[PDB]
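Next up, structure tokens for two forms of one chain, structure 1 and then structure 2.
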Structure 1
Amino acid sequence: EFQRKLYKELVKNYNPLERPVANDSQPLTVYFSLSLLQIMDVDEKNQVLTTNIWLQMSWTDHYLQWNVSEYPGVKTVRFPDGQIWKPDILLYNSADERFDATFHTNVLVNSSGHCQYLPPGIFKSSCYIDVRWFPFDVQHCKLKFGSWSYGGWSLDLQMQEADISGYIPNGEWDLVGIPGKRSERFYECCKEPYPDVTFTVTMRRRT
């Protein structure tokens, strides 16, 4: 069976600890984007925003490639957590006790080695909520994502626009839009710069 043969061949010499680049001198480009499905709650007292989000990570492995003619019918493969390399993107401003609130699903790889990873999760993030203009306040909730152990020299984090087509309206809050921006910040831990992408939820209280 071609799928069985392909899995056996792909797992050969593969190290999940290894960043899957072909040169080791140029960063692996990881495209990151969001899919906001719904805003579960906006806790004004606890200053915590609870939302349902599907993350979207896309990269190239260059180690999981095959010829579809040599493996007919097998155009994609799926790898569980811990079997192939994955970016360690984390929510920096996470208010959750487990910090990483995402659900680990399979990574989808096609013939040319393009791995795509869509983890769903209910994310609790810290947000400053102002009750100054109580019925007409516009709240800018920040969602900051980035690799924890890979800097810009190793993992080049590119940003893609968040997906809204799957959003469902909230009862108390209107979504005016979720713009994202990519920055590169320096931390006191090391001289390594760290890229990050931040999405601002930018809600409005309903009348």
Structure 2
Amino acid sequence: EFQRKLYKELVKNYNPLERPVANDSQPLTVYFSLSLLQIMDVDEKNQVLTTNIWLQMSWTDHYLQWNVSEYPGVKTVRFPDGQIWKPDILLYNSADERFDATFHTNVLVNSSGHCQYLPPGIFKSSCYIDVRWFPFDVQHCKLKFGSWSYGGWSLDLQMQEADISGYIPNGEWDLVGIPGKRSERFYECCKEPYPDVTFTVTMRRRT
């Protein structure tokens, strides 16, 4: 059938190791945004923050385009981990023993090649805990995400506002907010930018 034909054809000449760009001299734009579900633990002895987060990475695979007319009924396609290229966006300041709490789900691609990736995870992040206004302390825990091996001009990481629509309130900490900021950091050797997205969760101790 048409889905079988499309699945056979889409992997004809496909290397998961290669960035899915038409031109190799321009970056692939990857839109990143997290969804906070609940703050599970705020460890104060070991400066670690444990949260439930659904990542959302959207990019464009130039190699996963097809004609809906030529493939009637098949307007979307799913690819497991390791069969297509995915951004190596990781939490830099992660204190998890495996360092990658994401559950690798399938990547969803539609007819234009737009790939959506929604990894859920229980993220343990390094957060300096300041306890000197103990009964009324406000803490800014930074969740710093970026490509491990790609820099600018190859993987252009763009930011989208995090949504707290599915947030579950905590019995000890009140979520003042979670604003995100995109920053660019530079080596001395090259003028190559290195983008990153930091979501700074602001919490207040509940009294």
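Here, rigid core means the biggest group of C-alpha atoms that superpose within 1.5 Å across both forms. Residues that one form lacks are left out of the comparison. Structure 1's sequence is the ruler for residue numbers, which start at 1.
**Q** Please state whether residue 190 has a C-alpha shift of 2 Å or more between the two structures, with the rigid core used for the fit.
**A** Yes.
**Q** So, with the core fitted, how far does residue 143 move at its Cα between the two structures, in angstrom?
**A** After core superposition, the C-alpha of residue 143 moves 0.3 Å between the two structures.
**Q** What moves between the two structures once the core is lined up, counting runs of 3 or more consecutive residues with C-alpha shifts of 2 angstroms or more?
**A** The segment that shifts (3 or more residues, C-alpha shift of 2 Å or more) is 186-193 alone.
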